[PDB]
Structures are given as structure tokens and as C-alpha cells.
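Quick look at run_21.tsv (TSV, C-alpha atoms):
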chain	number	residue	atom	x	y	z
V	1	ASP	CA	19.66	-11.12	6.94
V	2	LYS	CA	22.42	-9.29	5.02
V	3	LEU	CA	21.63	-6.19	2.92
V	4	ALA	CA	24.49	-4.68	0.88
V	5	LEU	CA	23.65	-1.45	-0.99
V	6	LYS	CA	26.21	-0.58	-3.68
V	7	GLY	CA	26.15	2.31	-6.19
V	8	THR	CA	27.68	0.31	-9.07
V	9	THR	CA	26.18	0.79	-12.55
V	10	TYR	CA	22.50	-0.05	-11.88
V	11	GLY	CA	19.20	0.50	-13.73
V	12	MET	CA	16.53	2.24	-11.63
V	13	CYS	CA	13.11	1.31	-13.06
V	14	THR	CA	9.87	1.10	-11.02
V	15	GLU	CA	7.31	3.63	-12.30
V	16	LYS	CA	4.73	0.84	-11.86
V	17	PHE	CA	3.49	2.21	-8.51
V	18	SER	CA	-0.16	1.93	-7.40
V	19	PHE	CA	-1.54	4.07	-4.54
V	20	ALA	CA	-3.56	1.65	-2.38
V	21	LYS	CA	-3.81	3.81	0.76
V	22	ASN	CA	-3.03	7.44	1.67
V	23	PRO	CA	0.04	8.33	3.73
V	24	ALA	CA	-0.72	7.97	7.46
V	25	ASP	CA	1.54	8.87	10.41
V	26	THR	CA	2.27	5.95	12.77
V	27	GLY	CA	4.39	7.57	15.51
V	28	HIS	CA	6.47	10.78	15.46
V	29	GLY	CA	7.19	11.96	11.90
V	30	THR	CA	6.63	8.44	10.52
V	31	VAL	CA	4.13	8.15	7.65
V	32	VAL	CA	3.19	4.75	6.18
V	33	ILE	CA	2.01	4.28	2.57
V	34	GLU	CA	0.82	1.13	0.77
V	35	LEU	CA	1.22	1.02	-3.03
V	36	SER	CA	1.19	-2.08	-5.25
V	37	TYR	CA	4.09	-2.33	-7.69
V	38	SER	CA	2.58	-3.76	-10.89
V	39	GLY	CA	5.87	-4.21	-12.76
V	40	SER	CA	6.68	-7.46	-14.59
V	41	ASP	CA	10.34	-6.40	-14.83
V	42	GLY	CA	11.22	-7.79	-11.38
V	43	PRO	CA	12.94	-5.78	-8.66
V	44	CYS	CA	14.28	-2.31	-9.55
V	45	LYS	CA	15.09	1.10	-8.01
V	46	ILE	CA	11.85	3.14	-7.89
V	47	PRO	CA	12.72	6.66	-9.01
V	48	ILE	CA	10.56	8.64	-6.56
V	49	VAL	CA	10.98	12.07	-4.93
V	50	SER	CA	9.20	13.46	-1.85
V	51	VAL	CA	8.98	17.26	-1.60
V	52	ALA	CA	6.55	19.71	0.04
V	53	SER	CA	3.50	20.75	-2.02
V	54	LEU	CA	4.74	23.11	-4.76
V	55	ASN	CA	8.44	22.44	-4.12
V	56	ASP	CA	10.19	20.51	-6.93
V	57	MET	CA	13.46	22.48	-6.69
V	58	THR	CA	14.42	21.52	-3.12
V	59	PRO	CA	14.33	18.23	-1.21
V	60	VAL	CA	11.87	18.16	1.71
V	61	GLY	CA	10.05	14.82	1.96
V	62	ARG	CA	12.12	11.67	2.61
V	63	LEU	CA	11.51	7.89	2.66
V	64	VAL	CA	11.93	6.59	6.24
V	65	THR	CA	12.36	3.02	4.93
V	66	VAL	CA	15.39	2.03	2.81
V	67	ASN	CA	15.62	3.70	-0.61
V	68	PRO	CA	12.55	3.31	-2.82
V	69	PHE	CA	13.86	0.15	-4.53
V	70	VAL	CA	11.60	-2.88	-5.06
V	71	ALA	CA	14.47	-5.35	-4.57
V	72	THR	CA	12.17	-8.23	-3.57
V	73	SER	CA	10.51	-11.28	-5.17
V	74	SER	CA	7.09	-10.49	-3.67
V	75	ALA	CA	7.07	-6.69	-4.13
V	76	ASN	CA	4.68	-7.17	-7.06
V	77	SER	CA	1.79	-6.62	-4.65
V	78	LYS	CA	0.54	-3.77	-2.44
V	79	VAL	CA	3.92	-3.08	-0.83
V	80	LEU	CA	4.31	-0.64	2.10
V	81	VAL	CA	7.00	2.05	2.50
V	82	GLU	CA	7.53	4.84	5.06
V	83	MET	CA	8.07	8.60	4.60
V	84	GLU	CA	9.00	11.43	6.99
V	85	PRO	CA	7.51	14.46	5.22
V	86	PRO	CA	7.38	17.78	7.08
V	87	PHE	CA	3.99	19.00	8.39
V	88	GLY	CA	2.03	20.55	5.50
V	89	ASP	CA	0.98	19.46	1.99
V	90	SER	CA	3.68	17.57	0.05
V	91	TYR	CA	4.22	16.93	-3.68
V	92	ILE	CA	5.53	13.38	-4.24
V	93	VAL	CA	6.37	12.15	-7.76
V	94	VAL	CA	6.77	8.42	-8.49
V	95	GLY	CA	8.20	8.17	-12.02
V	96	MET	CA	11.43	7.36	-13.90
V	97	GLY	CA	13.22	9.09	-16.81
V	98	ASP	CA	10.56	8.18	-19.42
V	99	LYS	CA	6.97	8.19	-18.09
V	100	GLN	CA	6.56	9.55	-14.54
V	101	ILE	CA	3.56	10.24	-12.27
V	102	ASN	CA	3.16	13.10	-9.76
V	103	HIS	CA	0.68	13.27	-6.86
V	104	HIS	CA	0.20	15.44	-3.75
V	105	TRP	CA	-1.34	15.03	-0.28
V	106	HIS	CA	-2.75	17.61	2.17
V	107	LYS	CA	-3.44	16.95	5.87
V	108	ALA	CA	-4.32	20.49	6.99
V	109	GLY	CA	-4.04	24.15	5.94
V	110	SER	CA	-5.76	26.35	8.55
V	111	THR	CA	-4.45	29.69	9.90
Full structure transcribed into C-alpha cells:
Amino acid sequence: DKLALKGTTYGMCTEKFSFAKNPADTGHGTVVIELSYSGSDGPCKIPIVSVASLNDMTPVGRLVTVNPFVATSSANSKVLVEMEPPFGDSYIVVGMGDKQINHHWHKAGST
């Protein structure tokens, strides 16, 4: 019902992401992804970044749904988030300060 998002001293930790399904568009610029968060630390801010393929210096991909934070009691399963990446391959990296993972996705590349 009520969702307050503050920036007070918090600890973002959610590198436990599992890709269950590829990113699919469900409308106009709306991609849906289903990854299971296997983290026994509870809810936490998932440090993830969405940028075009080969672009880690500028922001390009974005999460349509609220920030990538598993602030839930049942997010320990195949959760589902949204992303509005621009047409073209995109390099997304789901990792925190310590260990981090990086993956990419291509939907087309013809001329």
C-alpha cells in the first residue's frame, strides 16, 4: 500500500541474481525479465546497471520497475523486473562492489 524510498545510509547487496528467462518486450519499450534471487541475506538493493552492448561508460538501459531492490519477503524466488533498454544489443551487469556478474543480450543486428 505505502512505499517510501529514502536514501539514508543503506547497504545495497543482491548479487545473488539468477537469469530464469531472457528479456522480452511486452508493449512499447517495456521488457520483462525473470531472475531468481538466491540470497539468504533477506531484502537488499541489487546493484545492477543496464547499458547498451559495449557501453559501460554511459547510462543507456533502465529498469522500468522500481529500483532493482529486492525489498520483499518472497523475492527469494524467480522474481520479475522490467527494463526499457534502447533497440540494439545491451550489456547489463548484475553485481555489487565485491563479486559482480556481467551479461549481454542481442535481439537483432542486420543492416
Contacts of residue 63 of chain V at 8 Å or less, counting all atoms listed in the file, minus same-chain residues fewer than 2 places along, as a PyMOL selection string? chain V and resi 50+61+65-68+81-84
Can you pull out the residues contacting residue 77 of chain V? Cut-off 12 Å, using all atoms listed in the file, and skip same-chain residues under 3 positions away; I want them as a PDB file with C-alpha atoms, in the frame of the given file.
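Here's the written file selection-v4.pdb:
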ATOM      1  CA  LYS V  16       4.730   0.840 -11.860  1.00  0.00           C
ATOM      2  CA  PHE V  17       3.490   2.210  -8.510  1.00  0.00           C
ATOM      3  CA  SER V  18      -0.160   1.930  -7.400  1.00  0.00           C
ATOM      4  CA  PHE V  19      -1.540   4.070  -4.540  1.00  0.00           C
ATOM      5  CA  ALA V  20      -3.560   1.650  -2.380  1.00  0.00           C
ATOM      6  CA  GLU V  34       0.820   1.130   0.770  1.00  0.00           C
ATOM      7  CA  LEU V  35       1.220   1.020  -3.030  1.00  0.00           C
ATOM      8  CA  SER V  36       1.190  -2.080  -5.250  1.00  0.00           C
ATOM      9  CA  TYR V  37       4.090  -2.330  -7.690  1.00  0.00           C
ATOM     10  CA  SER V  38       2.580  -3.760 -10.890  1.00  0.00           C
ATOM     11  CA  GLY V  39       5.870  -4.210 -12.760  1.00  0.00           C
ATOM     12  CA  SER V  40       6.680  -7.460 -14.590  1.00  0.00           C
ATOM     13  CA  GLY V  42      11.220  -7.790 -11.380  1.00  0.00           C
ATOM     14  CA  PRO V  43      12.940  -5.780  -8.660  1.00  0.00           C
ATOM     15  CA  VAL V  70      11.600  -2.880  -5.060  1.00  0.00           C
ATOM     16  CA  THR V  72      12.170  -8.230  -3.570  1.00  0.00           C
ATOM     17  CA  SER V  73      10.510 -11.280  -5.170  1.00  0.00           C
ATOM     18  CA  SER V  74       7.090 -10.490  -3.670  1.00  0.00           C
ATOM     19  CA  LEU V  80       4.310  -0.640   2.100  1.00  0.00           C
TER      20      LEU V  80
END
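Nearest to residue 64 of chain V of all the residues V:107, V:21, V:6, V:28 is V:28, counting only C-alpha atoms.
The space between atom CA of residue 41 of chain V and atom CA of residue 71 of chain V spans 11.1 Å.
Using all atoms listed in the file, the nearest neighbour of residue 103 of chain V within the list V:60, V:54, V:75, V:13 is V:54.
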In Å, with one decimal, what is the gap from atom CA of residue 12 of chain V to atom CA of residue 47 of chain V? 6.4 Å
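Proximity to residue 33 of chain V was assessed for V:88, V:78, V:93, V:69 counting only C-alpha atoms; the smallest distance is recorded for V:78.
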Give the answer as one residue: which of V:105, V:91, V:85, V:29 has the shortest atom-to-atom distance to residue 57 of chain V, using only C-alpha atoms? V:91
Length of the atom CA of residue 87 of chain V to atom CA of residue 24 of chain V vector [Å]: 12.0 Å
Centre, edges in Å (one decimal): axis-aligned box, segment 35-54 of chain V, 5 Å padding on all six sides, as lines of an AutoDock Vina configuration file:
center_x = 8.1
center_y = 7.7
center_z = -7.4
size_x = 23.9
size_y = 40.9
size_z = 24.9
Choose the residue, out of V:101, V:92, V:51, V:32, that has the smallest atom-to-atom separation from residue 79 of chain V; count all atoms listed in the file. V:32
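Comparing the minimum interatomic distances between residue 109 of chain V and each of V:89, V:3, V:56, V:22, counting all atoms listed in the file, we find that V:89 sits nearest.
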Using only C-alpha atoms, which residues sit within 8 Å of residue 95 of chain V once same-chain residues fewer than 4 positions away are excluded, as a ChimeraX atom specification? /V:14-15,46-48,99-102
